[PDB]
Amino acid sequence: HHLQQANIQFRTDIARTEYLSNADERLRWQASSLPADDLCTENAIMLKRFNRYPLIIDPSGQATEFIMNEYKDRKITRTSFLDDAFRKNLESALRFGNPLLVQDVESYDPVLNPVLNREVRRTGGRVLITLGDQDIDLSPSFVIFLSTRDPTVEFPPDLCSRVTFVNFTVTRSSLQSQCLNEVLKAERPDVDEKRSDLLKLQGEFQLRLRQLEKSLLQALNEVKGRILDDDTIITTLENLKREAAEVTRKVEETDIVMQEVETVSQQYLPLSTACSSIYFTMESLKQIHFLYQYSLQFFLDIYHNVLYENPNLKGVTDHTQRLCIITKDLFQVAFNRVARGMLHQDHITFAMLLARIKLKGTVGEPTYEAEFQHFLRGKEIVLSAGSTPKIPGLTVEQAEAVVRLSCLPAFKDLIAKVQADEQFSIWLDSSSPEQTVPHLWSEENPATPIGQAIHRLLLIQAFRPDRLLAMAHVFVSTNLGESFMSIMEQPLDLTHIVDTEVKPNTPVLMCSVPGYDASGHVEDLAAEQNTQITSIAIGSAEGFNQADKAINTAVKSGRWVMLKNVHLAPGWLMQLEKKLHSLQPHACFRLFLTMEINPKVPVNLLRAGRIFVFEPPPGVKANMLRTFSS
Amino acid sequence: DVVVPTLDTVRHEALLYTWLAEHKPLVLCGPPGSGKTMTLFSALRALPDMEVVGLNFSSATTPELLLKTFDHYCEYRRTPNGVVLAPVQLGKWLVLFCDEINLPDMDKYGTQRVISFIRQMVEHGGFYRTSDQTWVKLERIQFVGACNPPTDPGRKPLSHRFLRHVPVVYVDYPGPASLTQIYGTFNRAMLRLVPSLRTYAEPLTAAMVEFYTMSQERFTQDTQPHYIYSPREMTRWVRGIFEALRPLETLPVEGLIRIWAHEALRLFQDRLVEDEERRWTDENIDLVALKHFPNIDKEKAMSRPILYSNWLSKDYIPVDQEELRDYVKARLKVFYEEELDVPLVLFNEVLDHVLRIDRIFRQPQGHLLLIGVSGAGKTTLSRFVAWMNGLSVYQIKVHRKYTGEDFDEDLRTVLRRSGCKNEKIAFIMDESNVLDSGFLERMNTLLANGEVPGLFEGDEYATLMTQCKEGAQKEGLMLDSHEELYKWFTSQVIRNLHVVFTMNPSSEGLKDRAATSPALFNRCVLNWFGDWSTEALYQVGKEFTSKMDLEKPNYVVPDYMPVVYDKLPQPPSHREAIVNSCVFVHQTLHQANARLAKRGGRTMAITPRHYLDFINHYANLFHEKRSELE
Amino acid sequence: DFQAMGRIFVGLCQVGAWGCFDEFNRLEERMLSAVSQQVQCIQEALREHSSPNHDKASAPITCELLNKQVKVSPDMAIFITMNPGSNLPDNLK
Amino acid sequence: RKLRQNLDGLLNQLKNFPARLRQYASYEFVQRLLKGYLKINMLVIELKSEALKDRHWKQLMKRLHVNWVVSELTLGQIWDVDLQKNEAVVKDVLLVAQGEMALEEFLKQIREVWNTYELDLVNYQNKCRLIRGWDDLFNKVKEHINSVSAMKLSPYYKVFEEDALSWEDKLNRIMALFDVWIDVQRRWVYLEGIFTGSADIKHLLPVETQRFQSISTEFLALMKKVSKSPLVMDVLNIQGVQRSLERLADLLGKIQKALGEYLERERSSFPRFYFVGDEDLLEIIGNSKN
Amino acid sequence: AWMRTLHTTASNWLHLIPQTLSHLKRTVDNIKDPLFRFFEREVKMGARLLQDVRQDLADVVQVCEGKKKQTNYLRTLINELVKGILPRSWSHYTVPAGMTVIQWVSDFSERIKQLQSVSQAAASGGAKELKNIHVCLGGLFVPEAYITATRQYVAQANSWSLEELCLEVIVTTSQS
Ligand SMILES: Nc1ncnc2c1ncn2[C@@H]1O[C@H](COP(=O)(O)OP(=O)(O)NP(=O)(O)O)[C@@H](O)[C@H]1O
Ligand SMILES: Nc1ncnc2c1ncn2[C@@H]1O[C@H](COP(=O)(O)OP(=O)(O)NP(=O)(O)O)[C@@H](O)[C@H]1O
């Protein structure tokens, strides 16, 4: 906009990633371990056109592998600041010129300050640079890439001027764009073609159009009167006649196509916002319980299931119905996959979060930000000492709750209505008040069903908090469907999940509350599927060797392995995660790890595994049955 | 070094004699530069019996230092009463000066070893020879210490069993009357060179005091950590005027006022951070001058573009801006192809820093402290001016396991080069290699006195004496006594060796320095580099994108343009508009980072090197794309 | 003193003698885990006594200590004093 | 530098000509010529770099298609060769020269360090001098071996290859010696502390005592030979030092194994000794009569 | 927008808590009273923790206005306060685990009001009024010390040994 204001002429629809890189380079990067996104392509360009050495902030870790695969021909070597043999490796890299990748720059050593600043001191032919005691000879080929797995870092201003930043961090807009592109590719591939063709009216198509002129001119002057061998050279001249007009049509049809993709992409945008919100809620789940750790691969696998492997989409051709079914299945499958690895207390919490996300994303309903703000922070409202009156039939606590609820404008007449209601007490002492909450809130216009649901939620919170969870369930049933929570209130169907939704390299982590063992479920599943299973108990140093031998056998032969009580070996579990990251398992290979819920299990293993939380069924009856069976 | 008799000095030497008559260990505290060391040395040397031994304590000092000093000056003699330590000189009271009693580091259990050692000596009158494991008694040994208050960062409080014995005096700053007396004496001495300006001695001396006091009232350590004033600034003022006047055969009163104002600006206006504070100093210099020098016309006496330089002419006389600009530009273009091949643009805010650095290089005991944003020219302007003035640049290379003895040896080598060989050195130090503060209190003695006692102890003293007498013979002075030779060596080190510290603003809280000690700020001349303004960005952009063909004869200037550079050429051409847009990029990025800070997001430092990298990328990309299209 | 702790355990097993760990919580995590494994092996060897099918006319019980099969006497026992704030290691719960 | 001074003098002399002479395009040619010489003065400075050698001069000659003679080369021949047009070739050759100079000076550092490295020796109970500083020696050997292995990956490595390989062998041999040597030291020291502290150990373990006597004699002779020439390279070239030290390591390990088995047998004979440390048990058995 | 609401929340929390807690005036006569010793210790702890919380909330409000930058400790504090978590820096007396911050500051206000009332009673009527004041054991940071102090006061008054005293409880609905 500022350039436009100054009458400086610039392209209107510039594509940065396309203006700065040829398609061969992008193909080479995607051949390497580059996640193909707009942000990731821009970052990859920043790793090509850098004057100052780059700082790669990559919590995922994809970019380090990308740099390693790109520079493998130059024999790049891995190092970290925390490594003891870091300074000498840096000395060798600076001395000989091999490129280097240095990890964990959060603990940035200051000895690298001149190296990043390129403070060469020239003496004759010897170009020295100071490093510690030594003055080492800067080889021309030297390049260094600093890396950070931590995305929450505050670097000094000294280092910022000495380095250019490259952020491989997932955010709201990045994931929104990724999901929107995925939907456009999966459900409206014609618009995907017309979008990729709009970023190919830059260098790609014209480059090909004149690369054909190259071959034309190669086979145009190769003449000694033999141009008219049949007077059919026009074919070579007709192959260029077509494409030109074609790439003259698209250049003419570059405003219709742009408007069309805009209009069609805004339609599929609420789905993308819901996707971003859902994934970031799953990321937020960490601070509710230490086990509730889910990678972005988890959400992307959920989305691949919801888009491509969705049986509800079969036979549906209208795109609006497909979009609605995709949204509903997204919410349903996300809840099922997450809540299968959650304690029963927190299922309602995550369902409430998803219901709020849909309410943000649903059309025609207000956000209800104020009512939810009072729901979550109504107690934060202040009642002055002595300001609470006495109300007939209400205890002191219910009186404070009603006084707090009266702050909202809809419940302004709440106290008088409660006093005037003759049938209030029967409701207040009822066993299931949530099903028959009275109408007390004042409305200027009739409310939507979800508005009634949230108002009933506030009233139940005020009067009968003991039923709040039940009321909360109704709110979920009012927003996400009646059968939404029902699938969790069922026996665990490990057969289909392990067969379809689990990859061979992803271990099935079966976590149980202490004192409860879940290996019987895996044994039953192995019996049902008719698959040989080898079970090993990790309780000694020998068990590690047995497990390693069994896993090395099964990964090749595709057998099933179970490791019992692996929480006793945290470090060996870290080693097993590192091992699992490198394998190429057979399709039928499966690795079950049964453990008890303890905080000593590695966070990365939980992040890189399918978590299933098993709890005993509450009741005296089941307890006695378990005791008698044991 | 014999203190000018002032009221505080006479009081404190009276108390010194009273508390030395009882052999109690005196201690003096006060802010840096108050004058405690000089008063202590003068009072001690006034006594006939007292033999002063000047020891400077540091974080690594131990009982071994005191034992070594006793072995040097004192000796053990056996007597029927017992083993007695006594000075070798009969009938003389050996008094140990401990210039920084606070500074030794506490152990893990909060006790200073040397302080406890001194405590047992002063209280029990002796100590235990560990080699012989036998008690010995001091006979004519005393201790007298100096300190900064324990609130300062590098200091620590003393043990209460130790503070009981020592009486502590607080040497505050002299104040207006004492400063007027002291610098009346100094300026009456200084004006003896030119006999027509003696009558203007007393009016000048008040001004040097008055403005100084005004600064001390207007700028405090709260606003910035380095806004520290003391009589050291007044002595630097006197030294600056003295060096200006020494080669001059005569002056008018107005030239004296101009030199006074120039030194005021170069000592006070440089340290300031905010532009409006600099404007206040600009107005107040004029106000003080016209108050204390009436009937002297301001236009001739003090024009705003005040510059003094020695390159244009053999004498230190005022010069015009344009001639200095041309000379520095020519020398910088020479410097491109001589030592470092990187372009360096001269803009209005970097020529001034060149002149300031040169000025501090010409003064005696001239040490500079360049503090400013990362980049911006420090460590590049210092090297440039050092190359221009012929000063061989020495930079310390700290290794791991770089004990204080290695720093001691480096200091020995540079001191030998600067004093014995008469080779001017710019001793550049950077925050990267100044990570440890333990070695930066050995440097304070050098900055304040030019000699660090205890460096050359042993055969090194003999070798340095030999080389020193050789150098004196080279200079044409015949010296015999070791004390006089050491004094001449110290004077040569004052003349030749300079120290150039380079620091970033007070964001180094994590470092052990935090805000470095106020003694370090006091000892050096501080220069606030700041960040490049709009004009600096515009000029460094124009001279980097001048080789590009950014010319368009048909550039229709917009009716209303947005401008960052208020002094743009009007009507702007295409190159002018493009460079103004290039500065818009930097300004908008700074605004965006400030906004991100406003909303709590993680910000990243934006520095001039970002702008240089942007301009380099713009040039390379422009060349590449134009070459492709051609 | 860790370097004697395996030797001390073998001595307790062979001679017959009790061993009490005062404030076993205060051992650091590596120390806690290693000693926990050793005591777990000893306790399993002791629990092997209790089964009735094993006739003790010829029953040389053994435990894996310091990579050797050390005979365990029945009179031996091990005790672990603890300070809450907390729980015993998962090996020995 | 002197060339720049002379060129600047020439340019300032040219600038003082009368205006009538200057309008001519031929003065212009000479002024442009001196301007071009000033411009390529940077590449002239870079061509006086000590990095360039006979091989790099040959490379410049081949790529620029000029048959120079290095001893007979003059400034004018380089000047009239289009250095301005051919700056890319010059930059490439001097880059290769910088890389090869870096590798060469690294090998020089290796050669100087290992030709000047002396094995420190400290007296031990007035019986011999044992080597001190194993940590420093092994750290330096590890640094140099890793640096040579990294140098093998350098693009400029082919020139120095053979030399590098030689040093690699020597470096490995050095490690292959001292990794053994410290072991042969430590066990011996340990065994010494057991076999002379107690005078009754001779009667308990006569055969091991005799073997340790015959081992101590040989080790003392080897340490005397080392003390007469404490240089690392002099020590490495001792005839059959590696096999002798391997034999000493094997035999000392055997005697230590026998001693450990004997002490374990004594512990198992009287199980309460399992509460007693190794040195304390040795004191107990050795002082059986006291 | 999270700081827009957090500003109002922290402002309300600052307004709720009293600005200061006057310290009790120790004298020779009242130190013999166990009740004065207990209430002096309580007032000391409450005043210290009060200054801590007031400074923290003032810094939070300054950050929300842009006056103050987000330090690491401060940033962690905003993370806890925005989420309703009780910071570890605030818990120095025994409280229920998992409590939000509103309940904690409300209990704070009640405790400090009780401490102010008892301090005013001590200053006005001396330590003798400490016996007749009705003390909520919930509002004390260590009510066990109050029970012990009442036992000691009864022992001192009636000259009985502490072992020979036993506790009884009377629940009275009558006013006065
Ligand atoms: N009465 C005085 N006469 C002359 N100069 C004085 C007087 N009082 C202070 N000064 C000046 O004040 C400055 C400080 O001198 P100095 O004694 O080195 O201070 P200091 O407190 O010892 N520095 P430090 O030891 O690090 O705390 C010097 O420039 C002195 O010349
Ligand atoms: N006036 C200038 N014109 C052009 N380039 C400049 C100028 N000043 C500095 N630079 C360049 O900016 C880069 C960094 O400059 P420099 O001042 O050395 O950083 P710095 O201040 O030393 N950072 P630090 O040492 O950590 O405090 C170098 O590449 C310089 O060539």
# chains A, B, ... in the order shown; residues from 1 in each chain; ligands from 1

$ interface_residues --of "chain D" --to "chain B" --cutoff "10 Å" --atoms "only C-alpha atoms" --output "PyMOL selection string"
chain D and resi 1+4+39+41-43+45

$ write_last_selection --atoms "C-alpha atoms" --output "PDB file, in the first residue's frame"
ATOM      1  CA  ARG D   1      50.230   0.180  -1.013  1.00  0.00           C
ATOM      2  CA  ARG D   4      48.338   3.048  -4.753  1.00  0.00           C
ATOM      3  CA  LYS D  39      39.923  -0.141  -9.349  1.00  0.00           C
ATOM      4  CA  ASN D  41      44.334  -2.445  -7.059  1.00  0.00           C
ATOM      5  CA  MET D  42      42.135  -4.547  -4.739  1.00  0.00           C
ATOM      6  CA  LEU D  43      42.694  -7.663  -6.851  1.00  0.00           C
ATOM      7  CA  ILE D  45      46.544  -6.724  -3.289  1.00  0.00           C
TER       8      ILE D  45
END

$ closest_atom_pairs --of "chain B" --to "ligand 1" --cutoff "8 Å" --atoms "only C-alpha atoms and all ligand atoms" --output "CSV"
residue,atom,partner,partner_atom_place_in_ligand_line,distance
B:1,CA,ligand 1,31 (O),7.6
B:3,CA,ligand 1,3 (N),4.9
B:4,CA,ligand 1,3 (N),4.2
B:5,CA,ligand 1,1 (N),6.0
B:6,CA,ligand 1,1 (N),5.4
B:8,CA,ligand 1,1 (N),7.8
B:9,CA,ligand 1,1 (N),6.5
B:30,CA,ligand 1,21 (O),7.1
B:31,CA,ligand 1,27 (O),6.4
B:32,CA,ligand 1,27 (O),3.9
B:33,CA,ligand 1,19 (O),3.3
B:34,CA,ligand 1,21 (O),4.2
B:35,CA,ligand 1,17 (O),3.4
B:36,CA,ligand 1,22 (O),4.7
B:37,CA,ligand 1,22 (O),3.9
B:38,CA,ligand 1,17 (O),4.1
B:39,CA,ligand 1,17 (O),6.7
B:99,CA,ligand 1,25 (O),6.6
B:100,CA,ligand 1,25 (O),7.6
B:146,CA,ligand 1,25 (O),7.1
B:147,CA,ligand 1,27 (O),6.6
B:148,CA,ligand 1,27 (O),6.1
B:173,CA,ligand 1,9 (C),7.9
B:174,CA,ligand 1,8 (N),6.6
B:178,CA,ligand 1,1 (N),7.0
B:179,CA,ligand 1,1 (N),7.3
B:182,CA,ligand 1,3 (N),5.1
B:183,CA,ligand 1,4 (C),7.3
B:186,CA,ligand 1,4 (C),7.9
B:230,CA,ligand 1,12 (O),6.9
B:231,CA,ligand 1,12 (O),4.3
B:232,CA,ligand 1,29 (O),3.7
B:233,CA,ligand 1,29 (O),6.9
B:234,CA,ligand 1,29 (O),6.9
B:235,CA,ligand 1,29 (O),4.5
B:236,CA,ligand 1,29 (O),6.8
B:444,CA,ligand 1,26 (O),7.0
B:445,CA,ligand 1,26 (O),7.7
B:448,CA,ligand 1,18 (O),5.9
B:449,CA,ligand 1,18 (O),7.5
B:519,CA,ligand 1,26 (O),5.4
B:523,CA,ligand 1,26 (O),7.6

$ residues_around --residues "residue 74 (chain C)" --least-positions-apart "3" --cutoff "9 Å" --atoms "only C-alpha atoms" --output "PyMOL selection string"
chain C and resi 13+16+46+49+77

$ select_by_dssp --residues "chain C" --states "strand (DSSP E or B)" --output "ChimeraX atom specification"
/C:18-21,62-65,68-71,77-80

$ interface_residues --of "chain E" --to "chain A" --cutoff "10 Å" --atoms "only C-alpha atoms" --output "ChimeraX atom specification"
/E:9,12-13,16,84,100-103,105-106

$ residues_around --residues "region 141-152 of chain E" --least-positions-apart "2" --cutoff "12 Å" --atoms "only C-alpha atoms" --output "PyMOL selection string"
chain E and resi 32-46+49+91-95+107-108+110-112+114-115+130-132+134-139+154-168

$ residues_around --residues "region 516-525 of chain A" --least-positions-apart "6" --cutoff "8 Å" --atoms "only C-alpha atoms" --output "number ranges by chain"
A: 494-495, 510, 533, 564, 592, 594, 596, 614-616

$ interface_residues --of "chain E" --to "chain B" --cutoff "10 Å" --atoms "only C-alpha atoms" --output "PyMOL selection string"
chain E and resi 1-3+63-66+69-70+75

$ residues_near_ligand --ligand "ligand 2" --cutoff "6 Å" --atoms "only C-alpha atoms and all ligand atoms" --output "ChimeraX atom specification"
/A:158 /B:342-346,374-380,503-504,609

$ write_last_selection --atoms "N, CA and C atoms" --output "compact mmCIF listing (two decimals), in the first residue's frame"
# COMPACT_ATOMS: atom_id res chain seq x y z
N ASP A 158 21.96 -8.74 21.00
CA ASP A 158 23.26 -8.96 20.38
C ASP A 158 23.16 -10.01 19.28
N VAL B 342 34.54 -3.71 3.19
CA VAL B 342 33.10 -3.58 3.37
C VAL B 342 32.76 -2.09 3.28
N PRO B 343 31.78 -1.66 2.48
CA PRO B 343 31.47 -0.23 2.43
C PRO B 343 30.98 0.29 3.78
N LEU B 344 31.33 1.55 4.06
CA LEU B 344 30.99 2.21 5.31
C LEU B 344 30.53 3.62 4.96
N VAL B 345 29.23 3.87 5.07
CA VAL B 345 28.67 5.17 4.72
C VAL B 345 28.92 6.16 5.84
N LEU B 346 29.28 7.38 5.47
CA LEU B 346 29.42 8.49 6.40
C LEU B 346 28.13 9.30 6.39
N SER B 374 22.85 -2.85 19.31
CA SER B 374 23.71 -3.80 18.62
C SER B 374 23.86 -3.38 17.16
N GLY B 375 25.09 -3.48 16.66
CA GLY B 375 25.42 -2.88 15.39
C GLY B 375 25.73 -1.41 15.57
N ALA B 376 25.33 -0.58 14.61
CA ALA B 376 25.35 0.88 14.67
C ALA B 376 26.75 1.48 14.52
N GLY B 377 27.81 0.67 14.45
CA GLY B 377 29.15 1.15 14.16
C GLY B 377 30.19 0.82 15.21
N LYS B 378 29.80 0.63 16.47
CA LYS B 378 30.77 0.29 17.50
C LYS B 378 31.40 -1.07 17.19
N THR B 379 32.71 -1.16 17.43
CA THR B 379 33.61 -2.23 17.02
C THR B 379 33.98 -2.13 15.54
N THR B 380 33.38 -1.22 14.78
CA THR B 380 33.76 -0.90 13.42
C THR B 380 34.28 0.52 13.29
N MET B 503 29.74 -1.91 24.68
CA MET B 503 28.67 -2.57 25.41
C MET B 503 27.34 -2.27 24.73
N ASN B 504 26.36 -3.12 25.02
CA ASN B 504 24.97 -2.89 24.69
C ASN B 504 24.27 -2.22 25.87
N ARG B 609 21.70 -3.54 11.34
CA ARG B 609 22.17 -4.60 10.46
C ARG B 609 21.02 -5.22 9.68

$ residues_around --residues "residue 84 (chain A)" --least-positions-apart "6" --cutoff "12 Å" --atoms "only C-alpha atoms" --output "JSON, numbers by chain"
{"A": [90], "D": [139, 143]}

$ write_last_selection --atoms "N, CA, C and O atoms" --output "PDB file, in the first residue's frame"
ATOM      1  N   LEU A  90      33.103 -27.063  15.874  1.00  0.00           N
ATOM      2  CA  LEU A  90      32.955 -25.752  15.253  1.00  0.00           C
ATOM      3  C   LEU A  90      34.276 -25.271  14.666  1.00  0.00           C
ATOM      4  O   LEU A  90      34.303 -24.686  13.578  1.00  0.00           O
TER       5      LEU A  90
ATOM      6  N   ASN D 139      42.923 -35.539  25.418  1.00  0.00           N
ATOM      7  CA  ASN D 139      42.106 -34.484  24.830  1.00  0.00           C
ATOM      8  C   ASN D 139      42.739 -33.950  23.555  1.00  0.00           C
ATOM      9  O   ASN D 139      42.048 -33.750  22.549  1.00  0.00           O
ATOM     10  N   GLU D 143      41.164 -34.307  19.839  1.00  0.00           N
ATOM     11  CA  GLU D 143      40.933 -33.114  19.030  1.00  0.00           C
ATOM     12  C   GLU D 143      41.596 -33.253  17.670  1.00  0.00           C
ATOM     13  O   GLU D 143      40.982 -32.969  16.636  1.00  0.00           O
TER      14      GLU D 143
END

$ select_by_dssp --residues "region 1-154 of chain E" --states "alpha helix (DSSP H)" --output "JSON, numbers by chain"
{"E": [2, 3, 4, 5, 6, 7, 8, 9, 10, 11, 12, 13, 14, 15, 16, 28, 29, 30, 31, 34, 35, 36, 37, 38, 39, 40, 41, 42, 43, 44, 45, 46, 47, 48, 49, 50, 51, 52, 53, 54, 55, 56, 57, 58, 59, 60, 61, 62, 63, 64, 65, 72, 73, 74, 75, 76, 77, 78, 79, 80, 81, 82, 83, 101, 102, 103, 104, 105, 106, 107, 108, 109, 110, 111, 112, 113, 114, 115, 116, 117, 118, 119, 120, 121, 122, 123, 124, 125, 129, 130, 131, 132, 143, 144, 145, 146, 147, 148, 149, 150, 151, 152, 153, 154]}

$ interface_residues --of "chain A" --to "chain C" --cutoff "9 Å" --atoms "only C-alpha atoms" --output "PyMOL selection string"
chain A and resi 539-540+567-568

$ write_last_selection --atoms "C-alpha atoms" --output "JSON list (two decimals), in the first residue's frame"
[["chain", "number", "residue", "atom", "x", "y", "z"],
["A", 539, "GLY", "CA", 11.07, -55.54, 35.44],
["A", 540, "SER", "CA", 14.82, -56.15, 35.13],
["A", 567, "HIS", "CA", 6.54, -47.20, 33.54],
["A", 568, "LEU", "CA", 9.26, -48.83, 35.67]]

$ closest_atom_pairs --of "chain A" --to "chain B" --cutoff "9 Å" --atoms "only C-alpha atoms" --output "CSV"
residue,atom,partner,partner_atom,distance
A:2,CA,B:581,CA,7.4
A:3,CA,B:581,CA,6.8
A:5,CA,B:561,CA,6.6
A:6,CA,B:561,CA,5.8
A:7,CA,B:558,CA,6.2
A:8,CA,B:578,CA,7.6
A:20,CA,B:621,CA,8.8
A:49,CA,B:617,CA,8.0
A:50,CA,B:617,CA,8.3
A:51,CA,B:613,CA,6.8
A:52,CA,B:613,CA,7.7
A:110,CA,B:432,CA,5.7
A:111,CA,B:432,CA,7.2
A:113,CA,B:432,CA,7.2
A:120,CA,B:340,CA,8.1
A:121,CA,B:340,CA,7.8
A:122,CA,B:339,CA,7.0
A:123,CA,B:339,CA,8.9
A:130,CA,B:397,CA,7.1
A:131,CA,B:397,CA,7.6
A:132,CA,B:399,CA,4.3
A:133,CA,B:399,CA,4.9
A:134,CA,B:397,CA,8.0
A:152,CA,B:602,CA,8.2
A:153,CA,B:602,CA,8.3
A:154,CA,B:602,CA,7.4
A:155,CA,B:604,CA,7.6
A:156,CA,B:605,CA,7.8
A:157,CA,B:605,CA,5.2
A:158,CA,B:374,CA,5.5
A:159,CA,B:374,CA,8.5
A:160,CA,B:605,CA,5.9
A:161,CA,B:609,CA,5.7
A:162,CA,B:609,CA,7.7
A:164,CA,B:610,CA,8.3

$ write_last_selection --atoms "C-alpha atoms" --output "short mmCIF file (atom, residue, chain, number, x, y, z; two decimals), in the first residue's frame"
data_model
loop_
_atom_site.label_atom_id
_atom_site.label_comp_id
_atom_site.auth_asym_id
_atom_site.auth_seq_id
_atom_site.Cartn_x
_atom_site.Cartn_y
_atom_site.Cartn_z
CA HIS A 2 2.83 2.42 0.78
CA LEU A 3 4.48 1.61 -2.56
CA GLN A 5 0.86 5.55 -2.49
CA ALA A 6 4.25 6.64 -3.87
CA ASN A 7 3.35 5.75 -7.51
CA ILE A 8 6.11 3.13 -7.57
CA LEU A 20 11.95 -15.85 -5.56
CA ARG A 49 18.77 -16.19 -0.10
CA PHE A 50 20.31 -15.42 3.30
CA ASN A 51 23.27 -13.08 3.67
CA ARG A 52 23.53 -13.61 7.42
CA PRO A 110 29.04 -16.10 23.00
CA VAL A 111 32.19 -17.43 21.29
CA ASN A 113 29.63 -13.79 18.14
CA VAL A 120 37.57 -11.57 9.41
CA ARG A 121 41.05 -10.22 10.18
CA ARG A 122 43.24 -10.32 7.07
CA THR A 123 47.01 -10.87 7.42
CA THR A 130 39.17 -15.40 16.82
CA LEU A 131 37.58 -18.40 18.55
CA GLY A 132 38.50 -18.94 22.19
CA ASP A 133 42.28 -19.04 22.43
CA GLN A 134 42.76 -19.88 18.76
CA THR A 152 9.46 -19.91 23.49
CA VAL A 153 12.83 -18.13 23.62
CA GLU A 154 13.93 -14.52 24.15
CA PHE A 155 17.24 -14.10 22.36
CA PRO A 156 19.55 -11.19 23.27
CA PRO A 157 19.58 -8.15 20.96
CA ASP A 158 23.26 -8.96 20.38
CA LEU A 159 22.36 -12.19 18.57
CA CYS A 160 19.37 -10.76 16.69
CA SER A 161 21.51 -8.36 14.65
CA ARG A 162 23.94 -11.22 13.92
CA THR A 164 18.24 -13.82 10.36
#

$ residues_around --residues "region 455-470 of chain B" --least-positions-apart "3" --cutoff "8 Å" --atoms "only C-alpha atoms" --output "ChimeraX atom specification"
/B:408,412,416,419-420,452,473-474,478-480,482,485-486,489

$ closest_residue --among "B:285, B:393, B:10, B:520" --to "residue 437 (chain B)" --atoms "only C-alpha atoms"
B:520

$ atom_distance --atom1 "CA of residue 140 (chain B)" --atom2 "CA of residue 167 (chain B)"
19.5 Å

$ interface_residues --of "chain D" --to "chain A" --cutoff "10 Å" --atoms "only C-alpha atoms" --output "ChimeraX atom specification"
/D:45-52,92,94-103,105-106,142-144,146-157

$ decode --residues "region 85-89 of chain E" --atoms "N, CA and C atoms" --output "mmCIF file, in the first residue's frame"
data_model
loop_
_atom_site.group_PDB
_atom_site.id
_atom_site.type_symbol
_atom_site.label_atom_id
_atom_site.label_comp_id
_atom_site.auth_asym_id
_atom_site.auth_seq_id
_atom_site.Cartn_x
_atom_site.Cartn_y
_atom_site.Cartn_z
ATOM 1 N N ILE E 85 -5.318 -19.960 38.094
ATOM 2 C CA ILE E 85 -4.455 -20.767 38.948
ATOM 3 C C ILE E 85 -3.913 -19.897 40.070
ATOM 4 N N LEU E 86 -3.836 -20.461 41.272
ATOM 5 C CA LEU E 86 -3.202 -19.767 42.385
ATOM 6 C C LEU E 86 -1.686 -19.854 42.222
ATOM 7 N N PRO E 87 -0.960 -18.736 42.117
ATOM 8 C CA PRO E 87 0.501 -18.841 41.997
ATOM 9 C C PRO E 87 1.134 -19.422 43.253
ATOM 10 N N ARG E 88 2.252 -20.127 43.053
ATOM 11 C CA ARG E 88 3.019 -20.645 44.181
ATOM 12 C C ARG E 88 3.552 -19.513 45.052
ATOM 13 N N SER E 89 3.853 -18.362 44.451
ATOM 14 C CA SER E 89 4.380 -17.226 45.198
ATOM 15 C C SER E 89 3.391 -16.669 46.213
#
